[PDB]
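Got a structure for you, written out below as structure tokens; questions coming shortly.
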Ligand SMILES: Nc1ncnc2c1ncn2[C@@H]1O[C@H](COP(=O)(O)OP(=O)(O)O)[C@@H](O)[C@H]1O
Ligand SMILES: Nc1ncnc2c1ncn2[C@@H]1O[C@H](COP(=O)(O)OP(=O)(O)O)[C@@H](O)[C@H]1O
Ligand SMILES: [Mg+2]
Ligand SMILES: [Mg+2]
């Protein structure tokens, strides 16, 4: 039979059968209970709208993501999300399909063990396998080397790989991602008068960020230009009218990636954690990693980031090496495409964690040889 | 058995069995004791004529409404009105019929508790339920969202509802209604020479208001036109002859709705309390409320109000949203039609306040789960 | 009273008739516009595939 | 007779209003679809210009 | 698009169906009853009792 390549993510759940080009169903991972009282009788009001249904009734819900930073903080809601994904968005019972979840690097063990225990006890799948979210993104590019920066919505991690041999001592995981950029944008919008507070209006700020923000090639020059002319002010129409005008908030929101001091984080930007991740590698594979830097994940879709990052790394790196940044147009679904490719391989067909194996060793089987 | 859908109202009591299209008996709610001496013996003169009987002998009575502004100020008279409604206008003993009263929002608790205590002790009904007068008017329109402006004769209230979830923090109750318009019309008629003082002549002024007054589309232009031409002066024949001619009093009486400063009230008109009630709602359901504005209640029957209100709200609201005002031709009985629909539902059949429940918790049961 | 009510009811009926006709007109206009939109979309899609091929080469 | 005339006019009015409301719903659907189409157009143009830049470089 | 339109239309149909059932059950079944007379023009019977 065919395998189910699910990809929990944090912000958008992407799923679909193995062997295709794009995920079959992509929908936000939010579960929102209603918060008001409700007076109409017999309206058929449910107790929790999940997935894309709660992005249409969000006016009277309190949306809450079940995955904070890679890790899962609310297991009941995550179980509800998985149940919805299997039964309503794909309509395939899990009793007859292997599953291939994905997990960020350096995550707590208990999260992974609980994930496998749920998949084997509640949904009762035949066999499931957990894979690191960066190796898949490297599969999708058709490479076999390279250092991949997978800046998702929950957590940004940077896994270097050479000739198929991952370097476990050079993984640099940073917890700045799309959600913190949304919060920072929502916080700097208040400097013009627009106040978004409700958890429903966070979605509106996210839409503003997606449609308007861009990464500046040079920050100081853009700050000077936006403060003199008015060629940058782009307007946007809220879900009820009252258009708003975003000035130099456009390139200040995604600039937080390269200067995490804006949101008070100490660490260095995504332009310098990649160079540090390279320098921890051996001295003889640094040229190949320099030449095959891969971008993935949703947050790396800002217009103009593949040039800013290349300029920064070229500034840091030695002058002789060639710096090349691979930015495929299908960046958002790169991890899932790689997952489909991996699940479609014949050599991989014996790596699944078969159910009888789980029955013999318990949920701690995932840390064992079947990784 | 069938349920009795009574609707106390203030000015017209509307009642009838559940499941029909129109109330069976509609009659003014006035109780008038005779005031003169009376010399004929054996004429069979009663001590209080209630309902529609006192609108024919009103020449020698002192009519007094038992409901001032939604609240009930004279419980003995209200009990008399209910007794008349049950026994003479419907001729069904209340011992064998559930009842569904209606109550304005934000009313004193003691009024509701006394109402249920009367219905359970004096008339001894099997089970009664109290419902907010605006949710029913939303039922009758066949919608499930929308903000309903129910401008009755006692009190005008504006309850917004979305997807069946009422928003309790956005109810704007204003005490200007048809009765104050009658008093203001009676007060401005004195500018031509016609003086109505007796409580019986208030009914004549009410008839004048119903048959002649209309809401102007633009107030200043109408004031200028009525002061130059004479195309507006419509005449009306009193109950004894001596026709009267109403000039620019025609559109000045119902204009008080949009400018409550005429009768000295501070608050804003019904055109601006609706917009304020909308703006208190969440930012994502404002479009739906804009598109589904519902009118109900008797006082919203003035010829030309559904255009003036739309013009005013379109002036206030953002230019992109579409403003639509639902004004069904059966406006007056909208609340009662909705009450019949609600009482006819199967899902609602277990929400009644059964008598044994009242015996166990006292009259304070109404504020509890059985709302 | 009945005859005046009949006149007004026919008034409202005719008003709704005319409004519905206008709406049908707008519906068909938006319909042809939507078809044009779909065709533009397909053309853009083909161009996209083409340019991707060129860039890969 | 007049009452019956009024009733029939009412029947016509109710049916025609049902017609008009359905047409309006259709119009709103067409509006959203047109919006989506223009959105497609803009994103296509942006990506195409990007790939043009990369091609030339 | 078609699925969402179908769902919204079905919801509107359900609400209007409930309203229409409400219309069906009690519309004129106990509706307008004349309960009047022909004014009895040919009645030429009078009375000579005045106590009542
Ligand atoms: N076109 C875009 N432009 C800018 N940011 C985007 C765009 N699309 C998605 N994002 C950001 O990326 C996030 C989605 O990232 P995604 O790759 O789905 O995370 P995950 O790894 O959990 O799947 C969104 O929250 C959004 O903030
Ligand atoms: N055709 C009409 N035109 C103008 N005003 C009216 C008309 N019919 C009723 N009214 C006003 O509305 C009042 C009746 O309102 P109603 O809806 O019966 O109040 P309630 O909510 O108490 O039932 C009357 O006092 C009258 O002033
Ligand atoms: Mg990811
Ligand atoms: Mg009322």
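Cβ sites come from the backbone with ideal geometry, for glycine too, and all protein chains shown count toward neighbours. Rule-based calculations on the coordinates, nothing more; no lab input.
Quick check on my filter: what residues within the range B:78-89 are surrounded by fewer than 19 Cβ atoms within 10 Å (Cβ to Cβ) and in contact with a strand residue (DSSP E or B) (Cβ under 7 Å, 6 or more places away or on another chain)?
Selection gives B:80, B:89.
Let me ask something additional. With the structure loaded, tell me whether residue B:166 is touching a helix residue (DSSP H, G or I) at 6+ places or on another chain (Cβ under 6 Å) and within 14 Å of another protein chain (Cβ to nearest Cβ) or whether it fails that test.
Considered against the rule, which asks whether it is touching a helix residue (DSSP H, G or I) at 6+ places or on another chain (Cβ under 6 Å) and within 14 Å of another protein chain (Cβ to nearest Cβ), residue B:166 comes out as no.
Looking only at the range B:333-367, count every residue that is within 14 Å of another protein chain (Cβ to nearest Cβ) and not in a helix (DSSP H, G or I) and tell me the total.
Of the residues in the range B:333-367, 6 are within 14 Å of another protein chain (Cβ to nearest Cβ) and not in a helix (DSSP H, G or I).
Another question, if that's okay. Please verify whether residue C:2 is touching a helix residue (DSSP H, G or I) at 6+ places or on another chain (Cβ under 9 Å), loosely packed, with under 15 Cβ neighbours inside 10 Å, at the interface with chain D (Cβ under 7 Å from one of its Cβ atoms) and closer than 30 Å to residue D:17 by Cα, treating the condition exactly as stated.
yes
Follow-up. Quick check: is even one residue across the range E:40-47 farther than 20 Å from residue D:18 by Cα and part of a helix (DSSP H, G or I)?
no
Related question: Determine which single condition residue A:75 fails, assuming it passes every other condition in (1) within 15 Å of ligand 1 (Cβ to nearest atom); (2) away from chain B (no Cβ under 14 Å).
(1)
Filter the range B:18-48 for residues that are surrounded by fewer than 21 Cβ atoms within 10 Å (Cβ to Cβ) and farther than 28 Å from residue B:201 by Cβ; which is farthest from ligand 3 (Cβ to nearest atom)?
Filtering the range B:18-48 for residues that are surrounded by fewer than 21 Cβ atoms within 10 Å (Cβ to Cβ) and farther than 28 Å from residue B:201 by Cβ, the one farthest from ligand 3 (Cβ to nearest atom) comes out as B:41.
Here's another thing I want to ask about it. Quick one: count up the residues across the range B:313-331 that are within 27 Å of residue B:9 (Cβ to Cβ) and in contact (Cβ under 8 Å) with a residue 40 or more places away in the chain.
4
Confirm whether residue B:254 is within 24 Å of residue B:143 (Cβ to Cβ) and either surrounded by 15 or more Cβ atoms within 10 Å (Cβ to Cβ) or touching a helix residue (DSSP H, G or I) at 6+ places or on another chain (Cβ under 6 Å) (or both).
No; evaluated as a whole, the condition is false for this residue.
Any residue at all in the range B:59-73 that's closer than 24 Å to residue B:297 by Cα, without any contact (Cβ under 8 Å) to a residue 24 or more places away in the chain and either within 13 Å of ligand 2 (Cβ to nearest atom) or surrounded by fewer than 20 Cβ atoms within 10 Å (Cβ to Cβ) (or both)?
Yes; the residues of the range B:59-73 include at least one that is closer than 24 Å to residue B:297 by Cα, without any contact (Cβ under 8 Å) to a residue 24 or more places away in the chain and either within 13 Å of ligand 2 (Cβ to nearest atom) or surrounded by fewer than 20 Cβ atoms within 10 Å (Cβ to Cβ) (or both).
Please work out which residue is nearest to residue A:240 (Cα to Cα), limiting yourself to the range B:282-322 and to residues that are more than 11 Å from chain A (Cβ to nearest Cβ) and assigned to a loop (DSSP other than H, G, I, E, B).
Only one residue tops the list, namely B:292.
Considering only the range C:7-57, state which residues are in contact with a helix residue (DSSP H, G or I) (Cβ under 8 Å, 6 or more places away or on another chain) and within 30 Å of residue D:9 (Cα to Cα).
Within the range C:7-57, C:9, C:10, C:12, C:13, C:16, C:17, C:19, C:20, C:23, C:24, C:26, C:27 qualify.
Answer yes or no: is there a residue in the range E:21-37 that is under 30 Å from residue B:145 (Cα atoms), within 14 Å of chain B (Cβ to nearest Cβ) and touching a helix residue (DSSP H, G or I) at 6+ places or on another chain (Cβ under 8 Å).
The answer is yes, given that some residue of the range E:21-37 is under 30 Å from residue B:145 (Cα atoms), within 14 Å of chain B (Cβ to nearest Cβ) and touching a helix residue (DSSP H, G or I) at 6+ places or on another chain (Cβ under 8 Å).
One residue is enough: does the range A:253-269 have a residue meeting the conditions in a helix (DSSP H, G or I), more than 16 Å from ligand 1 (Cβ to nearest atom) and away from chain D (no Cβ under 14 Å)?
No, every residue in the range A:253-269 fails to be in a helix (DSSP H, G or I), more than 16 Å from ligand 1 (Cβ to nearest atom) and away from chain D (no Cβ under 14 Å).
Which of (1) within 11 Å of chain A (Cβ to nearest Cβ); (2) closer than 28 Å to residue B:83 by Cα; (3) assigned to a helix (DSSP H, G or I) is the odd one out, the single condition residue B:131 does not satisfy?
Of (1) within 11 Å of chain A (Cβ to nearest Cβ); (2) closer than 28 Å to residue B:83 by Cα; (3) assigned to a helix (DSSP H, G or I), only one is false for residue B:131: (3).
I would also like to ask the following. Starting from the range B:92-109, keep only residues that are within 14 Å of chain A (Cβ to nearest Cβ) and under 14 Å from residue B:367 (Cα atoms), then list their pairs with residues that are assigned to a loop (DSSP other than H, G, I, E, B) and away from ligand 2 (no atom under 15 Å from the Cβ) whose Cβ atoms are within a distance under 7 Å, requiring at least 6 positions of separation or different chains.
Correct list of pairs: B:105/B:171.
Could you please let me know if residue A:59 is part of a helix (DSSP H, G or I), away from ligand 4 (no atom under 16 Å from the Cβ) and within 14 Å of chain B (Cβ to nearest Cβ)?
Taking the combined requirement at face value, the residue satisfies it.
Could you check the range B:138-235 for helices (runs of 4 or more DSSP H) lying wholly inside it with 1 or more residues that are surrounded by 21 or more Cβ atoms within 10 Å (Cβ to Cβ) and within 16 Å of ligand 2 (Cβ to nearest atom)?
Filter on the range B:138-235 gives B:178-188, B:201-212.
Could you give every pair whose Cβ atoms fall below 6 Å, whose first residue belongs to the range D:28-46 and is more than 7 Å from chain C (Cβ to nearest Cβ), and whose second residue is surrounded by fewer than 16 Cβ atoms within 10 Å (Cβ to Cβ), counting only separations of at least 6 or pairs across chains?
If the second residue must be surrounded by fewer than 16 Cβ atoms within 10 Å (Cβ to Cβ), the pairs left are D:29/E:5.
Filter the range B:279-294 for residues that are touching a strand residue (DSSP E or B) at 6+ places or on another chain (Cβ under 6 Å) and under 30 Å from residue B:213 (Cα atoms); which is farthest from ligand 3 (Cβ to nearest atom)?
For the range B:279-294, the residue satisfying everything is B:294.
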